[PDB]
Amino acid sequence: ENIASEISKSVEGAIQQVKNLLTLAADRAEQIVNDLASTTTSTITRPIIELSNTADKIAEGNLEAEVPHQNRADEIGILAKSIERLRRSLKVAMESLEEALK
Amino acid sequence: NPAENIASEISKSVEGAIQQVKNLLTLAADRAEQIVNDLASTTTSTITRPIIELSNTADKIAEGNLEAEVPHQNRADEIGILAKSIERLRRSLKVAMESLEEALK
Ligand SMILES: [Mg+2]
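So the sequences go chain by chain: C and A. Per the entry's author numbering, the very first residue in the first sequence carries number 207; after that it's consecutive. Per the entry's author numbering, the very first residue in the second sequence carries number 204; after that it's consecutive.
The following block contains the structure:
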């Protein structure tokens, strides 16, 4: 075409290459949400739900099992040790009540 | 105009636009980096703070304060479910302790 078209169109390819890299970056940024939902589920949700279910089983009268994940180094481990304290208190109380029967 | 080369006149004419593109890309990278500290703050307020409060309450109950108020029972997420489980556990232990106290009289 004319000089203005020859010069201006010569940068179109480069601009598309810049856009391709920006599209890859935007797609990678978007992925963070679903990956963070998965990490939260495995790291936090499942252990919290497991601990709540264990607390319910203990409150219902099942004292045979030590509370799982007491050795975990984060706040979930601190919580699991606290629930273990309740389980041990309930176990002592139940054993003393059994010694009082008949 | 002191410019001696058309290649320099044309190529320099887009420098301002290119620097703007780069500055916006630097601002995007800086905004992305801010996500980490924000996510540590969200996790602390949403999860850490109530979990530690629940663990402290569980300890107080195990130590003998059977009347300790279990916080966050009205919460709509899994922390609320956990809090309600600790409340049922407090009720069960309270009954167990009172039953023993009465049996030994
Ligand atoms: Mg018997």
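Even for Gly, the Cβ is constructed at its ideal location relative to N, Cα and C.
Kindly list, in the order they appear in chain C, the residues whose Cβ is closer than 9 Å to that of residue i.
i: A/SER258; result: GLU281, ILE284, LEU285, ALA286, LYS287, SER288 and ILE289
i: A/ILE209; result: Near A/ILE209 there are no residues of chain C at all, since even the closest Cβ is about 10 Å away, more than 9 Å.
i: A/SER216; result: Those within 9 Å of A/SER216 in chain C number zero; the least Cβ separation is about 10 Å.
Going straight from the alpha carbon of residue i to that of residue j, what length do you get?
i: A/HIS275; j: C/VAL273; result: 22 Å
i: C/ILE264; j: C/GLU301; result: 14 Å
i: A/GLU305; j: A/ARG294; result: 17 Å
i: A/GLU212; j: A/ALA206; result: 7 Å
i: A/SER216; j: A/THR229; result: 22 Å
i: A/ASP233; j: A/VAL239; result: 11 Å
i: C/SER214; j: C/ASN208; result: 10 Å
i: C/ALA271; j: C/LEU303; result: 19 Å
i: A/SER248; j: A/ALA220; result: 42 Å
i: C/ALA279; j: C/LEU269; result: 24 Å
i: A/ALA299; j: A/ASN277; result: 26 Å
i: C/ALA231; j: A/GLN223; result: 18 Å
i: A/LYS225; j: A/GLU218; result: 10 Å
i: A/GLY267; j: C/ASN259; result: 23 Å
i: A/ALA235; j: A/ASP241; result: 10 Å
i: residue 155 of chain A; j: C/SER244; result: Here chain A comprises residues numbered 204 to 308, so residue 155 of chain A is not present and cannot be evaluated.
i: A/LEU227; j: A/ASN204; result: 32 Å
Can you tell me which of the options puts its alpha carbon nearest to the alpha carbon of residue i?
i: C/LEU257; options: A/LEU230, A/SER295, A/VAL298 and A/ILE289; result: A/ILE289
i: A/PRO253; options: A/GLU281, A/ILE238 and A/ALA231; result: A/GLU281
i: C/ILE255; options: A/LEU303, A/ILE284 and A/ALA299; result: A/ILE284
i: A/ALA261; options: C/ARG234, C/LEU296 and C/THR246; result: C/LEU296
Mind pulling the chain A residues with CB within less than 8 Å of residue i?
i: C/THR247; result: Neighbours of C/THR247 on chain A: none; closest Cβ ~10 Å, over 8 Å.
i: C/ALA261; result: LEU285, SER288, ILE289, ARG291 and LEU292
Exposed or buried, which one is residue i when buried takes at least 16 other CB atoms within 10 Å?
i: A/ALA286; result: buried
i: C/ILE250; result: buried
i: A/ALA210; result: exposed
i: C/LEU307; result: exposed
i: A/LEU292; result: buried
Cβ closer than 7 Å: which chain A residues qualify as neighbours of residue i?
i: C/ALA220; result: Within 7 Å Cβ-Cβ: nothing; C/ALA220 doesn't reach chain A, min ~10 Å.
What residues from chain C crowd round residue i, counting only those whose CB sits closer than 7 Å?
i: A/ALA306; result: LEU303 and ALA306
Below 8 Å on C-beta distance, what does residue i contact in chain C?
i: A/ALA299; result: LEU296, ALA299, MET300 and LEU303
Report task. For the region 227–244 of chain A, enumerate the residues whose C-beta is nearer than 9 Å to any C-beta of chain C, in chain order. Result -> If the cut-off is 9 Å between Cβ atoms, the region 227–244 of chain A has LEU228, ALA231, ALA235, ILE238 and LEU242 near chain C.
Requested in this report: Report the residues of the region 265–280 of chain C with a CB closer than 7 Å to any CB of chain A, ordered along the chain.
Outcome: Against chain A - using a Cβ distance shorter than 7 Å - the residues of the region 265–280 of chain C are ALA265.
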